[PDB]
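Asks: Just passing along the structure, written as structure tokens.
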Amino acid sequence: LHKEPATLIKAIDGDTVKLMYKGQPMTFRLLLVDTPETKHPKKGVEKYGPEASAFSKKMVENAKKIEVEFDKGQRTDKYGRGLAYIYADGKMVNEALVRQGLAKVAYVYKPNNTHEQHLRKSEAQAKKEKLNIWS
């Protein structure tokens, strides 16, 4: 796997960000994580949704560098979103959300599962520390 440069366009939700990638605007969905959402009238603004969303927003907004890392399998989903690990100054946003108890590890689809172990390890720690979602 390799990281590539991208430029923030707009943070959209805890688990979705819009980036400039290879000169085209594109919506990215964060691989392997489920955050509570703000956007979906199914329930509306779930609990910790505003919080997960504020966290991803600040993280990508205050970064000097954003990089995207595609996994080994398909790189877009049925809605046309890029499927990727997102990095803000070297730190994986997907991991940080999970480390903070602001996201769970999603259902995993091989072969898009390279960082699955790492994330599950952070999730176990957040649970143990009873952070946010695990409170």
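Naming works like this for the structure tokens: A, B, ... for the chains as they're shown, residue 1 at the start of each chain, ligands 1 onward in shown order.
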Do you know which residues are at most 10 Å from residue 100 in chain A counting only C-alpha atoms, after dropping those on the same chain fewer than 5 positions away, and could you put them as JSON, numbers by chain?
Replies: {"A": [52, 55, 95, 122, 123, 125, 126, 127, 129, 130, 131, 132, 133, 134]}
Asks: Mind checking which residues fall within 9 Å of residue 115 in chain A, counting only C-alpha atoms, ignoring those fewer than 2 positions away in the same chain, and posting them as a PyMOL selection string?
Replies: chain A and resi 32+71+85+112-113+117-120
Asks: Selected residues, N, CA, C and O atoms, written as a PDB file, in the first residue's frame, please.
Replies:
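Contents of again.pdb, as written:
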ATOM      1  N   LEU A  32     -13.300   0.825   7.143  1.00  0.00           N
ATOM      2  CA  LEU A  32     -13.337  -0.061   8.282  1.00  0.00           C
ATOM      3  C   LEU A  32     -13.956   0.588   9.511  1.00  0.00           C
ATOM      4  O   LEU A  32     -13.915  -0.026  10.577  1.00  0.00           O
ATOM      5  N   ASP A  71      -6.800   0.584  -0.106  1.00  0.00           N
ATOM      6  CA  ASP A  71      -6.477  -0.776   0.315  1.00  0.00           C
ATOM      7  C   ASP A  71      -6.305  -1.651  -0.938  1.00  0.00           C
ATOM      8  O   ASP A  71      -6.221  -1.115  -2.048  1.00  0.00           O
ATOM      9  N   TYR A  85      -8.016   4.778   3.693  1.00  0.00           N
ATOM     10  CA  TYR A  85      -7.508   5.205   5.012  1.00  0.00           C
ATOM     11  C   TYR A  85      -7.114   6.664   4.847  1.00  0.00           C
ATOM     12  O   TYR A  85      -6.446   7.031   3.870  1.00  0.00           O
ATOM     13  N   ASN A 112     -10.382  -5.834   1.551  1.00  0.00           N
ATOM     14  CA  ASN A 112     -10.127  -4.480   2.073  1.00  0.00           C
ATOM     15  C   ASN A 112     -10.055  -4.543   3.600  1.00  0.00           C
ATOM     16  O   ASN A 112     -10.964  -4.088   4.282  1.00  0.00           O
ATOM     17  N   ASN A 113      -8.978  -5.139   4.112  1.00  0.00           N
ATOM     18  CA  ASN A 113      -8.909  -5.351   5.554  1.00  0.00           C
ATOM     19  C   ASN A 113      -7.489  -5.276   6.089  1.00  0.00           C
ATOM     20  O   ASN A 113      -7.203  -5.782   7.179  1.00  0.00           O
ATOM     21  N   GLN A 117      -6.548  -5.450  12.089  1.00  0.00           N
ATOM     22  CA  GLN A 117      -5.997  -5.832  13.391  1.00  0.00           C
ATOM     23  C   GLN A 117      -5.634  -4.633  14.266  1.00  0.00           C
ATOM     24  O   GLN A 117      -6.005  -4.534  15.433  1.00  0.00           O
ATOM     25  N   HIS A 118      -4.901  -3.692  13.689  1.00  0.00           N
ATOM     26  CA  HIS A 118      -4.526  -2.451  14.322  1.00  0.00           C
ATOM     27  C   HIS A 118      -5.727  -1.714  14.904  1.00  0.00           C
ATOM     28  O   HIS A 118      -5.735  -1.255  16.045  1.00  0.00           O
ATOM     29  N   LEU A 119      -6.770  -1.593  14.087  1.00  0.00           N
ATOM     30  CA  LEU A 119      -7.966  -0.883  14.510  1.00  0.00           C
ATOM     31  C   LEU A 119      -8.691  -1.618  15.628  1.00  0.00           C
ATOM     32  O   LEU A 119      -9.228  -1.009  16.554  1.00  0.00           O
ATOM     33  N   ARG A 120      -8.752  -2.947  15.536  1.00  0.00           N
ATOM     34  CA  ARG A 120      -9.471  -3.721  16.549  1.00  0.00           C
ATOM     35  C   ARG A 120      -8.774  -3.599  17.915  1.00  0.00           C
ATOM     36  O   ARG A 120      -9.435  -3.628  18.951  1.00  0.00           O
TER      37      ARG A 120
END
Asks: Do you have the CA of residue 90 in chain A-CA of residue 135 in chain A distance handy?
Replies: 28.4 Å
Asks: Give me the residues within 8 Å of residue 66 in chain A as a list in words, counting only C-alpha atoms and dropping any in the same chain fewer than 3 places off.
Replies: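 My reading of the contact set: residues 5, 6, 7, 8, 60, 63, 86, 87, 88 and 89 of chain A.
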Asks: Could you give me the residues within chain A that DSSP places in helix (DSSP H, G or I), as a ChimeraX atom specification?
Replies: /A:49-61,93-99,116-128,132-134
Asks: Generate a file of the selected residues that holds N, CA, C and O atoms, formatted as a short mmCIF file (atom, residue, chain, number, x, y, z; two decimals), in the first residue's frame.
Replies:
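The result, stored in part.cif:
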data_model
loop_
_atom_site.label_atom_id
_atom_site.label_comp_id
_atom_site.auth_asym_id
_atom_site.auth_seq_id
_atom_site.Cartn_x
_atom_site.Cartn_y
_atom_site.Cartn_z
N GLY A 49 -22.73 11.46 17.33
CA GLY A 49 -22.64 11.89 15.94
C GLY A 49 -22.02 13.27 15.83
O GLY A 49 -21.00 13.44 15.14
N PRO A 50 -22.58 14.28 16.48
CA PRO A 50 -21.97 15.61 16.43
C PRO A 50 -20.52 15.55 16.90
O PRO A 50 -19.65 16.21 16.33
N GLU A 51 -20.30 14.73 17.92
CA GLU A 51 -18.94 14.58 18.45
C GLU A 51 -18.00 13.91 17.47
O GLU A 51 -16.85 14.31 17.33
N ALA A 52 -18.45 12.85 16.80
CA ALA A 52 -17.51 12.16 15.89
C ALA A 52 -17.16 13.09 14.75
O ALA A 52 -16.04 13.24 14.26
N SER A 53 -18.21 13.77 14.31
CA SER A 53 -18.12 14.72 13.20
C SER A 53 -17.22 15.89 13.50
O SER A 53 -16.37 16.30 12.70
N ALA A 54 -17.36 16.49 14.68
CA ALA A 54 -16.46 17.58 15.08
C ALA A 54 -15.01 17.14 15.11
O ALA A 54 -14.08 17.84 14.69
N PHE A 55 -14.78 15.94 15.63
CA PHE A 55 -13.42 15.39 15.69
C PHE A 55 -12.80 15.19 14.32
O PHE A 55 -11.66 15.61 14.06
N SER A 56 -13.48 14.55 13.36
CA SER A 56 -12.84 14.37 12.05
C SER A 56 -12.61 15.72 11.37
O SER A 56 -11.59 15.94 10.72
N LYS A 57 -13.59 16.60 11.53
CA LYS A 57 -13.51 17.94 10.96
C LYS A 57 -12.26 18.66 11.44
O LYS A 57 -11.45 19.13 10.64
N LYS A 58 -12.04 18.77 12.76
CA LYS A 58 -10.87 19.54 13.23
C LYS A 58 -9.57 18.91 12.75
O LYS A 58 -8.61 19.57 12.35
N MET A 59 -9.60 17.58 12.81
CA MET A 59 -8.40 16.82 12.45
C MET A 59 -8.01 17.11 11.01
O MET A 59 -6.85 17.42 10.72
N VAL A 60 -8.96 17.04 10.08
CA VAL A 60 -8.53 17.30 8.70
C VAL A 60 -8.35 18.78 8.43
O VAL A 60 -7.55 19.20 7.58
N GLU A 61 -9.12 19.59 9.16
CA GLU A 61 -9.01 21.03 8.94
C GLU A 61 -7.70 21.59 9.47
O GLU A 61 -7.19 22.54 8.89
N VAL A 93 -6.77 9.06 10.50
CA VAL A 93 -8.04 9.53 11.06
C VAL A 93 -8.94 8.37 11.46
O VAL A 93 -9.63 8.44 12.49
N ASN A 94 -8.95 7.31 10.66
CA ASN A 94 -9.80 6.16 10.99
C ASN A 94 -9.43 5.59 12.35
O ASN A 94 -10.26 5.22 13.17
N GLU A 95 -8.11 5.50 12.56
CA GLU A 95 -7.67 4.91 13.84
C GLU A 95 -8.02 5.84 14.99
O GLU A 95 -8.49 5.41 16.05
N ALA A 96 -7.75 7.14 14.77
CA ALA A 96 -7.97 8.08 15.89
C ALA A 96 -9.41 8.05 16.35
O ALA A 96 -9.70 8.09 17.55
N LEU A 97 -10.36 7.96 15.41
CA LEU A 97 -11.77 7.96 15.81
C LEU A 97 -12.07 6.76 16.70
O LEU A 97 -12.85 6.80 17.65
N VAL A 98 -11.45 5.64 16.33
CA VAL A 98 -11.75 4.39 17.02
C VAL A 98 -11.04 4.44 18.38
O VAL A 98 -11.57 4.05 19.42
N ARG A 99 -9.80 4.93 18.37
CA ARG A 99 -9.06 5.04 19.63
C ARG A 99 -9.84 5.87 20.65
O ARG A 99 -9.75 5.56 21.85
N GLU A 116 -7.16 -4.00 9.64
CA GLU A 116 -8.19 -4.47 10.56
C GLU A 116 -7.69 -4.79 11.97
O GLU A 116 -8.34 -4.45 12.97
N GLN A 117 -6.55 -5.45 12.09
CA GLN A 117 -6.00 -5.83 13.39
C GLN A 117 -5.63 -4.63 14.27
O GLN A 117 -6.01 -4.53 15.43
N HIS A 118 -4.90 -3.69 13.69
CA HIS A 118 -4.53 -2.45 14.32
C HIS A 118 -5.73 -1.71 14.90
O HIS A 118 -5.73 -1.26 16.04
N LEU A 119 -6.77 -1.59 14.09
CA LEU A 119 -7.97 -0.88 14.51
C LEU A 119 -8.69 -1.62 15.63
O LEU A 119 -9.23 -1.01 16.55
N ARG A 120 -8.75 -2.95 15.54
CA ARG A 120 -9.47 -3.72 16.55
C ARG A 120 -8.77 -3.60 17.91
O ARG A 120 -9.43 -3.63 18.95
N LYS A 121 -7.47 -3.46 17.87
CA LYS A 121 -6.60 -3.23 19.00
C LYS A 121 -6.90 -1.86 19.61
O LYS A 121 -6.94 -1.75 20.83
N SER A 122 -7.11 -0.86 18.76
CA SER A 122 -7.47 0.45 19.33
C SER A 122 -8.88 0.41 19.86
O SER A 122 -9.22 1.04 20.87
N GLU A 123 -9.74 -0.37 19.18
CA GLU A 123 -11.10 -0.40 19.69
C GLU A 123 -11.17 -1.08 21.06
O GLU A 123 -11.93 -0.61 21.91
N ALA A 124 -10.42 -2.16 21.24
CA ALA A 124 -10.37 -2.86 22.52
C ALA A 124 -9.91 -1.94 23.65
O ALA A 124 -10.45 -1.94 24.75
N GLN A 125 -8.88 -1.15 23.36
CA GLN A 125 -8.39 -0.15 24.32
C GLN A 125 -9.45 0.89 24.64
O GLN A 125 -9.69 1.18 25.81
N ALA A 126 -10.12 1.48 23.64
CA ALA A 126 -11.16 2.45 23.96
C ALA A 126 -12.29 1.87 24.81
O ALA A 126 -12.86 2.55 25.67
N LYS A 127 -12.65 0.61 24.59
CA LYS A 127 -13.69 -0.07 25.34
C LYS A 127 -13.31 -0.21 26.82
O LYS A 127 -14.08 0.08 27.73
N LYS A 128 -12.08 -0.67 26.99
CA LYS A 128 -11.42 -0.86 28.28
C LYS A 128 -11.34 0.45 29.04
O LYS A 128 -11.45 0.47 30.26
N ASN A 132 -16.44 7.48 25.47
CA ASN A 132 -17.55 7.92 24.65
C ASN A 132 -18.57 6.83 24.39
O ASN A 132 -19.33 6.46 25.28
N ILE A 133 -18.58 6.29 23.18
CA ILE A 133 -19.53 5.24 22.81
C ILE A 133 -19.54 4.09 23.81
O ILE A 133 -20.57 3.44 24.00
N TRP A 134 -18.41 3.83 24.45
CA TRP A 134 -18.27 2.70 25.35
C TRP A 134 -18.50 3.11 26.81
O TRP A 134 -18.20 2.30 27.69
#
Asks: Pick out the residues sitting within 9 Å of residue 15 in chain A, and hand them over as a compact mmCIF listing (two decimals) with N, CA and C atoms, in the first residue's frame; count only C-alpha atoms, and ignore anything fewer than 6 positions along from it in its own chain.
Replies:
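result_4.txt was written with the following content:
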# COMPACT_ATOMS: atom_id res chain seq x y z
N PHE A 28 -14.82 10.75 -0.12
CA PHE A 28 -14.19 9.56 0.45
C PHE A 28 -15.01 9.05 1.63
N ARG A 29 -15.25 7.76 1.74
CA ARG A 29 -15.79 7.08 2.91
C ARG A 29 -14.63 6.44 3.67
N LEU A 30 -14.51 6.64 4.97
CA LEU A 30 -13.41 6.12 5.78
C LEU A 30 -13.50 4.60 5.91
N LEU A 31 -12.49 3.88 5.43
CA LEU A 31 -12.51 2.42 5.48
C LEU A 31 -12.55 1.88 6.91
N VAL A 33 -14.52 1.79 9.37
CA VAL A 33 -15.09 2.34 10.62
C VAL A 33 -16.52 2.80 10.45
N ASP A 34 -17.31 2.58 11.50
CA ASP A 34 -18.65 3.13 11.53
C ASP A 34 -18.78 4.19 12.61
N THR A 35 -19.06 5.44 12.26
CA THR A 35 -19.33 6.43 13.31
C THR A 35 -20.83 6.65 13.46
N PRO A 36 -21.25 7.16 14.61
CA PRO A 36 -22.66 7.59 14.70
C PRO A 36 -22.82 8.70 13.67
N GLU A 37 -23.97 8.82 13.02
CA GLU A 37 -24.08 9.84 11.98
C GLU A 37 -24.99 11.00 12.39
N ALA A 52 -18.45 12.85 16.80
CA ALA A 52 -17.51 12.16 15.89
C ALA A 52 -17.16 13.09 14.75
N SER A 53 -18.21 13.77 14.31
CA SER A 53 -18.12 14.72 13.20
C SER A 53 -17.22 15.89 13.50
N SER A 56 -13.48 14.55 13.36
CA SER A 56 -12.84 14.37 12.05
C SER A 56 -12.61 15.72 11.37
N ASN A 94 -8.95 7.31 10.66
CA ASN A 94 -9.80 6.16 10.99
C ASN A 94 -9.43 5.59 12.35
N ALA A 103 -15.95 5.78 17.12
CA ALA A 103 -16.34 4.93 16.01
C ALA A 103 -16.16 3.48 16.42
Asks: Pick out the closest residue to residue 14 in chain A from this set: A:106, A:39, A:83, A:78. Count only C-alpha atoms.
Replies: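 Of all the options, A:39 lies closest to residue 14 in chain A.
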Asks: Taking the DSSP secondary structure from the backbone, can you list the residues of range 30-109 of chain A that are strand (DSSP E), as an MDAnalysis selection string?
Replies: chainID A and resid 30 33:34 66:70 82:88 91:92 104:105
Asks: Quick one: of A:72, A:92, A:48, A:81, who's nearest to residue 109 in chain A, counting only C-alpha atoms?
Replies: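 Of all the options, A:72 lies closest to residue 109 in chain A.
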Asks: May I ask for the distance between CA of residue 3 in chain A and CA of residue 84 in chain A, given in Å to one decimal place?
Replies: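 About the pair CA of residue 3 in chain A and CA of residue 84 in chain A: they are 9.9 Å apart.
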